[PDB]
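upload.cif follows (mmCIF, C-alpha atoms and all ligand atoms):
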data_coords
loop_
_atom_site.label_atom_id
_atom_site.label_comp_id
_atom_site.auth_asym_id
_atom_site.auth_seq_id
_atom_site.Cartn_x
_atom_site.Cartn_y
_atom_site.Cartn_z
CA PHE A 18 120.04 96.89 168.87
CA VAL A 19 119.45 93.13 169.31
CA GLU A 20 117.49 93.60 172.55
CA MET A 21 114.82 95.58 170.65
CA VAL A 22 114.43 93.02 167.86
CA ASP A 23 111.07 91.24 168.01
CA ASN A 24 109.69 93.65 170.66
CA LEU A 25 106.31 94.07 168.88
CA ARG A 26 103.37 91.70 169.06
CA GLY A 27 99.76 91.74 167.96
CA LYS A 28 96.76 90.00 166.48
CA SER A 29 95.72 90.40 162.86
CA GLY A 30 93.75 93.62 162.40
CA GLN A 31 94.20 94.72 166.06
CA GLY A 32 97.48 96.69 165.71
CA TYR A 33 101.05 96.23 166.95
CA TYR A 34 101.93 96.70 170.62
CA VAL A 35 105.09 97.16 172.68
CA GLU A 36 105.58 96.39 176.38
CA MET A 37 105.98 99.52 178.55
CA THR A 38 106.14 100.31 182.26
CA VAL A 39 104.52 103.26 183.99
CA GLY A 40 104.88 104.51 187.59
CA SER A 41 106.98 103.51 190.60
CA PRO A 42 107.08 100.69 191.33
CA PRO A 43 106.77 99.79 187.64
CA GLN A 44 103.39 98.74 186.26
CA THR A 45 103.72 96.75 183.02
CA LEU A 46 101.24 97.47 180.16
CA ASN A 47 100.99 96.55 176.47
CA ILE A 48 100.72 99.68 174.38
CA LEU A 49 99.64 100.14 170.74
CA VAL A 50 102.32 101.75 168.59
CA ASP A 51 100.69 104.55 166.59
CA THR A 52 102.56 106.88 164.24
CA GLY A 53 99.21 108.55 163.40
CA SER A 54 98.54 110.26 166.72
CA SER A 55 100.58 112.08 169.41
CA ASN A 56 99.14 111.26 172.87
CA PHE A 57 100.32 108.57 175.29
CA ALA A 58 97.04 107.32 176.80
CA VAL A 59 96.42 104.27 178.96
CA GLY A 60 93.43 102.45 180.47
CA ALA A 61 93.09 103.58 184.10
CA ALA A 62 89.83 101.83 185.09
CA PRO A 63 88.54 98.21 185.05
CA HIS A 64 86.94 98.10 181.62
CA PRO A 65 85.89 94.47 181.03
CA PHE A 66 88.02 94.20 177.82
CA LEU A 67 91.25 95.08 179.72
CA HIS A 68 93.80 92.57 181.04
CA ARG A 69 95.11 95.33 183.26
CA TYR A 70 95.14 99.10 183.73
CA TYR A 71 97.22 101.94 185.20
CA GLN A 72 96.62 102.32 188.97
CA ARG A 73 97.76 105.83 189.78
CA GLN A 74 97.15 105.19 193.50
CA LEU A 75 100.08 102.71 193.57
CA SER A 76 102.59 105.14 192.03
CA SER A 77 104.78 107.35 194.25
CA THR A 78 106.06 109.21 191.16
CA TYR A 79 102.58 110.03 189.79
CA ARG A 80 101.77 113.77 189.40
CA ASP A 81 98.31 115.13 188.55
CA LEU A 82 98.06 117.93 185.98
CA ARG A 83 94.46 118.62 187.10
CA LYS A 84 93.26 118.79 183.52
CA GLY A 85 91.07 116.61 181.32
CA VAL A 86 91.54 115.54 177.72
CA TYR A 87 88.77 114.51 175.33
CA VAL A 88 89.66 112.78 172.07
CA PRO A 89 87.04 111.83 169.51
CA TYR A 90 88.64 110.33 166.41
CA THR A 91 86.96 108.91 163.30
CA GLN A 92 86.38 105.35 164.60
CA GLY A 93 86.08 105.84 168.41
CA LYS A 94 86.59 108.09 171.41
CA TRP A 95 88.32 108.32 174.74
CA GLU A 96 88.52 110.77 177.56
CA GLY A 97 90.94 111.04 180.44
CA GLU A 98 92.79 112.75 183.19
CA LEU A 99 96.22 114.20 182.42
CA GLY A 100 99.24 113.54 184.61
CA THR A 101 102.94 112.69 184.44
CA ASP A 102 104.85 109.69 185.68
CA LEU A 103 108.04 107.73 185.03
CA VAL A 104 107.86 105.58 181.92
CA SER A 105 110.24 102.99 180.46
CA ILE A 106 110.37 100.47 177.60
CA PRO A 107 111.79 97.16 178.90
CA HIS A 108 112.81 95.98 175.41
CA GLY A 109 113.87 99.47 174.43
CA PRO A 110 116.65 101.82 175.52
CA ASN A 111 117.88 101.45 179.12
CA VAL A 112 116.42 104.78 180.27
CA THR A 113 113.43 106.08 182.26
CA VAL A 114 111.71 109.36 181.56
CA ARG A 115 108.95 111.57 182.93
CA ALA A 116 106.21 111.65 180.33
CA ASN A 117 102.69 112.94 179.99
CA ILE A 118 100.06 110.21 180.42
CA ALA A 119 96.33 110.50 179.74
CA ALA A 120 94.64 108.20 182.26
CA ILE A 121 91.66 106.93 180.28
CA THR A 122 88.47 107.10 182.44
CA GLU A 123 85.78 106.81 179.73
CA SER A 124 85.88 105.40 176.19
CA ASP A 125 83.76 104.15 173.31
CA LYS A 126 84.91 101.78 170.55
CA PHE A 127 88.56 102.31 171.60
CA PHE A 128 89.47 99.13 173.44
CA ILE A 129 89.02 95.96 171.34
CA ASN A 130 87.28 92.93 172.82
CA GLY A 131 89.83 90.08 172.88
CA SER A 132 92.94 92.23 172.28
CA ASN A 133 96.02 92.21 174.51
CA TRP A 134 96.76 95.95 174.65
CA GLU A 135 95.68 98.51 177.27
CA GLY A 136 96.84 101.85 175.86
CA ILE A 137 98.18 103.82 172.88
CA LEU A 138 101.60 105.41 172.20
CA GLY A 139 101.19 108.35 169.88
CA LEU A 140 104.53 108.83 168.09
CA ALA A 141 103.59 111.76 165.86
CA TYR A 142 104.28 115.42 166.59
CA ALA A 143 102.93 117.96 169.13
CA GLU A 144 100.89 119.85 166.52
CA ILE A 145 98.18 117.17 166.69
CA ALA A 146 98.50 116.38 170.42
CA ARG A 147 95.44 116.87 172.66
CA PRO A 148 94.29 119.13 174.16
CA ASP A 149 96.91 121.23 172.33
CA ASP A 150 100.57 121.34 171.21
CA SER A 151 101.75 122.31 174.70
CA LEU A 152 101.23 118.67 175.75
CA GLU A 153 104.65 117.23 174.98
CA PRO A 154 104.51 113.84 173.18
CA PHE A 155 106.29 110.87 174.64
CA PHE A 156 109.06 110.66 172.06
CA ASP A 157 109.87 114.35 172.46
CA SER A 158 110.24 113.83 176.22
CA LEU A 159 112.42 110.75 175.65
CA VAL A 160 114.82 112.68 173.37
CA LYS A 161 114.81 115.84 175.53
CA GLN A 162 115.59 113.91 178.74
CA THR A 163 118.09 111.30 177.50
CA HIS A 164 120.78 110.84 174.85
CA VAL A 165 118.51 108.64 172.72
CA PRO A 166 118.97 109.82 169.11
CA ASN A 167 115.94 111.54 167.59
CA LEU A 168 114.76 108.66 165.43
CA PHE A 169 112.97 105.33 165.51
CA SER A 170 112.32 102.60 162.97
CA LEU A 171 109.57 100.04 162.53
CA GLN A 172 109.69 96.56 161.01
CA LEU A 173 106.09 95.31 160.97
CA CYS A 174 106.13 91.62 159.94
CA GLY A 175 102.51 90.48 159.91
CA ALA A 176 101.60 86.81 160.51
CA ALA A 187 96.85 84.87 163.90
CA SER A 188 99.67 86.46 165.93
CA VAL A 189 101.75 89.16 164.24
CA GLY A 190 105.23 90.35 165.16
CA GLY A 191 107.75 93.07 164.53
CA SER A 192 110.45 95.40 165.76
CA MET A 193 110.54 98.94 167.00
CA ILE A 194 114.13 100.19 167.12
CA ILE A 195 114.18 103.26 169.36
CA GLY A 196 117.04 105.68 168.72
CA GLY A 197 118.44 103.90 165.68
CA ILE A 198 118.48 101.50 162.77
CA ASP A 199 119.18 97.73 162.70
CA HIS A 200 120.59 96.86 159.25
CA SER A 201 119.77 93.17 159.63
CA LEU A 202 116.08 94.13 159.36
CA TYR A 203 116.34 95.22 155.70
CA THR A 204 117.98 94.39 152.37
CA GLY A 205 119.32 96.84 149.82
CA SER A 206 119.47 100.57 150.52
CA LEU A 207 117.21 102.90 152.47
CA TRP A 208 115.57 105.56 150.29
CA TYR A 209 114.33 108.72 151.98
CA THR A 210 111.30 110.95 151.35
CA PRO A 211 111.01 114.30 153.16
CA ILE A 212 108.58 114.83 156.06
CA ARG A 213 106.64 117.69 154.48
CA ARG A 214 105.41 119.01 157.79
CA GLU A 215 105.85 117.82 161.36
CA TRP A 216 102.32 117.01 162.53
CA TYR A 217 101.31 113.65 161.17
CA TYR A 218 104.25 111.98 159.37
CA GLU A 219 103.22 113.66 156.16
CA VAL A 220 104.80 112.72 152.83
CA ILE A 221 104.22 113.43 149.14
CA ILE A 222 103.35 110.76 146.58
CA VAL A 223 104.34 111.89 143.09
CA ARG A 224 103.24 108.99 140.88
CA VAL A 225 101.19 105.81 141.14
CA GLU A 226 101.50 102.70 138.99
CA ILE A 227 99.25 99.65 138.92
CA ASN A 228 101.30 96.88 137.26
CA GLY A 229 103.64 99.52 135.80
CA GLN A 230 100.73 101.58 134.47
CA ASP A 231 100.59 105.20 135.54
CA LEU A 232 97.10 106.36 136.64
CA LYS A 233 97.99 109.75 135.06
CA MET A 234 96.10 111.80 137.63
CA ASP A 235 97.14 115.28 138.62
CA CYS A 236 99.48 114.09 141.39
CA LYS A 237 97.82 116.66 143.71
CA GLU A 238 95.02 114.10 143.87
CA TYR A 239 97.30 111.48 145.45
CA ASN A 240 97.85 113.88 148.35
CA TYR A 241 94.40 115.47 148.81
CA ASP A 242 94.36 116.76 151.47
CA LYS A 243 97.44 114.85 152.74
CA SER A 244 99.34 111.57 152.69
CA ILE A 245 100.65 110.07 155.94
CA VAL A 246 102.58 107.06 157.20
CA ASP A 247 100.45 105.44 159.92
CA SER A 248 101.16 102.27 161.88
CA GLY A 249 97.76 102.66 163.59
CA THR A 250 95.75 102.12 160.39
CA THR A 251 95.42 98.65 158.90
CA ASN A 252 94.60 99.57 155.28
CA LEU A 253 96.11 101.53 152.46
CA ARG A 254 93.58 104.38 152.38
CA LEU A 255 93.23 106.58 149.25
CA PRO A 256 91.30 109.73 148.35
CA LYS A 257 87.99 108.90 146.63
CA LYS A 258 88.93 110.33 143.27
CA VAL A 259 92.23 108.44 143.41
CA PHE A 260 90.60 105.31 144.90
CA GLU A 261 88.02 105.37 142.09
CA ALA A 262 90.78 105.32 139.43
CA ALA A 263 92.87 102.85 141.43
CA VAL A 264 90.08 100.27 141.68
CA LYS A 265 89.13 100.75 138.00
CA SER A 266 92.66 99.67 136.99
CA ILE A 267 92.81 96.84 139.58
CA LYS A 268 89.44 95.56 138.33
CA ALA A 269 90.78 95.51 134.74
CA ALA A 270 94.08 93.90 135.78
CA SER A 271 92.16 91.20 137.67
CA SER A 272 89.29 90.79 135.17
CA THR A 273 90.21 87.08 134.75
CA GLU A 274 87.79 86.46 137.66
CA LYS A 275 84.68 88.41 138.74
CA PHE A 276 83.88 90.01 142.13
CA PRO A 277 80.90 91.95 143.59
CA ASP A 278 80.82 95.77 144.01
CA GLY A 279 80.74 95.36 147.81
CA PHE A 280 84.09 93.54 147.74
CA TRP A 281 85.83 96.64 146.34
CA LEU A 282 84.23 98.73 149.08
CA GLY A 283 85.34 96.29 151.83
CA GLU A 284 81.62 95.54 152.41
CA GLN A 285 81.85 91.82 151.71
CA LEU A 286 84.64 89.25 151.60
CA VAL A 287 85.80 87.11 148.71
CA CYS A 288 86.78 83.51 149.45
CA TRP A 289 88.76 80.90 147.54
CA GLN A 290 89.32 77.26 148.41
CA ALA A 291 92.28 76.80 150.76
CA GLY A 292 95.71 76.74 149.07
CA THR A 293 94.44 78.17 145.75
CA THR A 294 94.20 81.99 145.83
CA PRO A 295 95.09 83.61 142.49
CA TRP A 296 97.76 86.10 143.62
CA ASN A 297 99.04 86.52 140.09
CA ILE A 298 95.77 87.85 138.61
CA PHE A 299 96.14 90.81 141.03
CA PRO A 300 98.42 93.72 140.08
CA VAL A 301 101.28 95.22 142.08
CA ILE A 302 100.97 98.72 143.44
CA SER A 303 103.88 101.15 143.15
CA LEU A 304 103.93 104.48 144.93
CA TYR A 305 106.61 106.91 143.81
CA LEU A 306 107.65 109.17 146.66
CA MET A 307 109.30 112.59 146.54
CA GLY A 308 113.04 112.07 146.89
CA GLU A 309 115.76 113.97 148.71
CA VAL A 310 117.00 115.86 145.64
CA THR A 311 115.28 118.21 143.18
CA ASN A 312 113.52 116.33 140.37
CA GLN A 313 114.46 112.94 141.98
CA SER A 314 112.00 110.31 143.23
CA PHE A 315 111.95 106.67 144.18
CA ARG A 316 109.30 103.96 144.20
CA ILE A 317 108.07 101.47 146.72
CA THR A 318 106.20 98.45 145.34
CA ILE A 319 103.73 96.20 147.24
CA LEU A 320 101.95 92.95 146.36
CA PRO A 321 98.39 91.65 146.66
CA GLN A 322 99.56 89.69 149.75
CA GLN A 323 99.83 93.13 151.34
CA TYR A 324 96.43 94.55 150.21
CA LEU A 325 94.39 91.31 150.17
CA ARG A 326 94.02 90.48 153.86
CA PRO A 327 93.01 87.12 155.41
CA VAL A 328 89.86 87.24 157.57
CA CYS A 338 88.32 84.42 152.74
CA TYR A 339 90.03 87.79 152.21
CA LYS A 340 89.19 91.48 152.56
CA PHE A 341 90.08 94.19 150.06
CA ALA A 342 92.32 96.35 152.24
CA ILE A 343 92.40 99.44 150.03
CA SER A 344 89.71 101.93 150.88
CA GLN A 345 88.57 105.43 150.18
CA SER A 346 89.30 108.37 152.40
CA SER A 347 88.08 111.84 153.19
CA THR A 348 91.30 112.82 154.98
CA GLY A 349 93.76 111.59 152.31
CA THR A 350 96.15 108.77 151.67
CA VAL A 351 97.11 106.70 154.72
CA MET A 352 99.99 104.31 154.25
CA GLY A 353 98.95 101.84 156.93
CA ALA A 354 100.04 98.33 157.75
CA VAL A 355 99.29 97.20 154.15
CA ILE A 356 102.21 99.43 153.01
CA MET A 357 104.46 99.16 156.11
CA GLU A 358 104.55 95.35 156.25
CA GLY A 359 106.50 95.43 152.96
CA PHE A 360 109.25 97.62 154.33
CA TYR A 361 111.61 98.63 157.05
CA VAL A 362 110.50 102.17 157.76
CA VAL A 363 112.82 104.74 159.38
CA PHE A 364 111.22 107.76 161.07
CA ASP A 365 114.26 110.04 160.87
CA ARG A 366 112.92 112.92 162.92
CA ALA A 367 116.39 114.47 163.26
CA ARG A 368 116.62 114.95 159.46
CA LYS A 369 112.90 115.44 158.82
CA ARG A 370 112.66 112.41 156.53
CA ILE A 371 111.28 108.88 156.29
CA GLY A 372 113.38 106.03 154.94
CA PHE A 373 112.03 102.94 153.21
CA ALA A 374 113.88 99.67 152.48
CA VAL A 375 112.82 96.17 151.54
CA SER A 376 112.01 94.37 154.79
CA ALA A 377 113.89 91.19 155.65
CA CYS A 378 110.57 89.74 156.93
CA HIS A 379 107.99 90.79 154.30
CA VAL A 380 105.73 88.09 152.86
CA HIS A 381 106.11 87.27 149.15
CA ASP A 382 105.72 84.51 146.58
CA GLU A 383 108.42 83.02 144.33
CA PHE A 384 107.56 85.26 141.32
CA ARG A 385 107.14 88.79 142.76
CA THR A 386 108.66 90.50 145.81
CA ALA A 387 108.28 93.95 147.44
CA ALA A 388 110.72 96.56 146.09
CA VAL A 389 112.37 99.92 146.80
CA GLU A 390 113.98 101.37 143.67
CA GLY A 391 115.60 104.61 142.55
CA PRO A 392 116.56 107.11 141.43
CA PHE A 393 113.83 108.20 139.01
CA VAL A 394 113.37 111.53 137.21
CA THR A 395 110.10 113.23 138.23
CA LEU A 396 109.42 116.88 137.47
CA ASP A 397 107.13 119.33 139.32
CA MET A 398 107.02 117.22 142.50
CA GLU A 399 106.30 120.31 144.62
CA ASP A 400 103.02 120.70 142.69
CA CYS A 401 101.95 117.32 144.10
CA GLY A 402 101.46 118.74 147.62
CA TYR A 403 98.01 120.09 148.56
CA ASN A 404 98.01 123.50 150.33
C1 LIG B 501 95.08 113.22 165.76
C2 LIG B 501 94.06 112.92 166.88
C3 LIG B 501 93.88 111.51 167.20
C4 LIG B 501 93.72 110.34 167.45
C5 LIG B 501 93.52 108.97 167.78
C6 LIG B 501 93.10 108.65 169.07
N1 LIG B 501 92.90 107.39 169.42
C7 LIG B 501 93.09 106.38 168.56
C8 LIG B 501 93.54 106.63 167.26
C9 LIG B 501 93.75 107.96 166.87
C10 LIG B 501 93.79 105.51 166.23
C11 LIG B 501 92.94 105.69 164.97
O1 LIG B 501 93.88 105.76 163.85
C12 LIG B 501 95.16 105.80 164.36
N2 LIG B 501 96.25 105.97 163.57
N3 LIG B 501 95.19 105.64 165.69
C13 LIG B 501 93.54 104.14 166.88
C14 LIG B 501 93.73 102.98 166.13
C15 LIG B 501 93.50 101.72 166.68
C16 LIG B 501 93.71 100.56 165.92
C17 LIG B 501 92.67 99.66 165.72
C18 LIG B 501 92.93 98.53 164.94
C19 LIG B 501 94.20 98.32 164.40
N4 LIG B 501 95.19 99.18 164.62
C20 LIG B 501 94.96 100.29 165.35
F1 LIG B 501 95.99 101.11 165.56
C21 LIG B 501 93.06 101.63 167.99
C22 LIG B 501 92.87 102.78 168.75
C23 LIG B 501 93.09 104.04 168.21
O2 LIG B 501 92.86 105.12 169.04
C24 LIG B 501 94.15 113.84 168.08
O3 LIG B 501 92.81 114.34 167.79
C25 LIG B 501 92.69 113.53 166.59
#

Conversion result in structure tokens:
Amino acid sequence: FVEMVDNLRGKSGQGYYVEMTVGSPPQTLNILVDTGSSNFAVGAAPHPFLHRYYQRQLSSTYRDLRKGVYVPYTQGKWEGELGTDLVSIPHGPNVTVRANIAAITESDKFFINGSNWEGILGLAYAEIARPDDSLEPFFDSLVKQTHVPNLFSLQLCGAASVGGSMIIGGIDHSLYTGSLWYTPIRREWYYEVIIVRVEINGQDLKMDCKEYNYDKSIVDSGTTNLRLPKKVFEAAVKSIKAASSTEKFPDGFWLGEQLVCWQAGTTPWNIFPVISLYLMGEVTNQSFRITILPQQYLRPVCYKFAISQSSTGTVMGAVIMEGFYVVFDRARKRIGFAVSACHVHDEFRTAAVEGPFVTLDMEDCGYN
């Protein structure tokens, strides 16, 4: 899949985008890759932040669905006009498909000033599509209309320009070391998974594991941080504070309300603990663990604390994903994790994927 390697770009904190074309003749756009939503939506008007936008008037293959879509999400909102058109991914499979496209005609806090992307590719499932689950997501259309296998994988590499790979329809084994370990997709809406145990520097938090997944845990390329439920975030910080008590930091730092800065070339990585999430495995009573470093959760801006509290559950965002090659195995309803060939690490500690472990009562970890 060499043609798809290095097909993602981005700027720090502004997401990862892939080149796409829409319409006939083809209009090229950069599109944010988002495993945490399920609509394909593109700028269709001359917003001042946009390098370019979809011009339906130039497309002979454009079809109007004569229906609007309104999408407020936690951090912004957009609204648009639904249609279909022919869509391709130049550095993807050599196919062209007719997909649903929301032509964005009004927005607030959606486009980023100074970014190089003009739309969003929602890769999650129809259950959370807008206006409802009858609006077929892009990936579903791709698989239905072609012989592209029902899976994709993401290598998000981080740094400021970031880079990565989206392998559509398969897996590139050069992008990871060791073995893939798979956790089941609990339910096909978000890419929902179940965390069964959490260790900070090898130390279990000992919470009712239900707490780790209240009300859900998801794998989300469209979120920068590792987000955690309050109750779990509270315990998580308490232990990270203690682990890092060598040096002192304000209360705002832990809330992501102020930055902490060290002199260039002298950050104390080693005073900060590793974070290990044990995920439900493929077999009864069997789990595995993924382990990330402070280089993943302490983000350059001076650094931000990139773990934060949540009201909608755990979100394994770019802080988690940049450690790993992540396989969205839709065909087998599972997500694979392996150590990424590009993850950033020091000489003493590196990101890990390890198994098998014995974990009982893992089904009691899911919130209903
Ligand atoms: C499930 C439903 C949705 C949605 C949704 C719509 N638009 C979005 C997003 C979600 C974001 C928010 O979180 C995620 N995962 N996608 C998102 C992140 C970004 C963004 C910003 C900075 C860095 N990375 C990003 F992905 C930009 C733009 C952006 O636009 C359907 O009704 C709720």

> Which protein, DNA or RNA residues have an atom within 8 Å of ligand LIG 501 (chain B), counting all atoms listed in the file, as number ranges by chain?
Replying inline: A: 30-33, 49-56, 88-95, 127-129, 137, 139, 145-147, 217, 247-251

> Pick from A:368, A:233, A:200, A:381: nearest to residue A:259, with all atoms listed in the file counted?
Replying inline: A:233

> atom CA of residue A:252 to atom CA of residue A:168: how many Å, to one decimal?
Replying inline: 24.3 Å

> Do you have the atom CA of residue A:27-atom CA of residue A:189 distance handy?
Replying inline: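 Between these atoms lies a distance of 4.9 Å.
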
> Can you list, as a ChimeraX atom specification, every protein, DNA or RNA residue that comes within 12 Å of residue A:385 when you count all atoms listed in the file, leaving out same-chain residues fewer than 3 positions away?
Replying inline: /A:228,296-297,299-302,318-322,379-382,388

>> Using only C-alpha atoms, which protein or nucleic acid residues come within 12 Å of residue A:275? Drop anything in the same chain fewer than 5 positions from it, and give the result as a PyMOL selection string.
In response: chain A and resi 267-270+280-281+287-288+298-299

> Hey, can you check how far atom CA of residue A:234 sits from atom CA of residue A:256?
Replying inline: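 About the pair atom CA of residue A:234 and atom CA of residue A:256: they are 11.9 Å apart.
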
> Which one of A:291, A:246, A:19, A:75 sits closest to residue A:39 if you count all atoms listed in the file?
Replying inline: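 Smallest distance to residue A:39 is found for A:75.
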
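Restricting the calculation to only C-alpha atoms, the smallest distance between residue A:175 and any of A:367, A:375, A:355, A:141 is found for A:355.
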
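Of the residues under consideration (A:258, A:369, A:73, A:161), A:73 shows the shortest atom-to-atom contact distance to residue A:118 when counting only C-alpha atoms.
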
> With all atoms listed in the file as the basis for distance, which of A:191, A:136, A:98, A:105 is at the shortest distance from residue A:47?
Replying inline: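 Among the listed residues, the smallest separation from residue A:47 belongs to A:136.
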
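Checking A:295, A:85, A:402, A:359 one by one against residue A:386, counting all atoms listed in the file, you find the shortest gap at A:359.
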
Listed atoms of stretch 249-268 of chain A boxed axis-aligned with 4 Å per side, centre + edges as JSON:
{"center_x": 92.9, "center_y": 102.9, "center_z": 150.3, "size_x": 17.8, "size_y": 22.8, "size_z": 34.6}
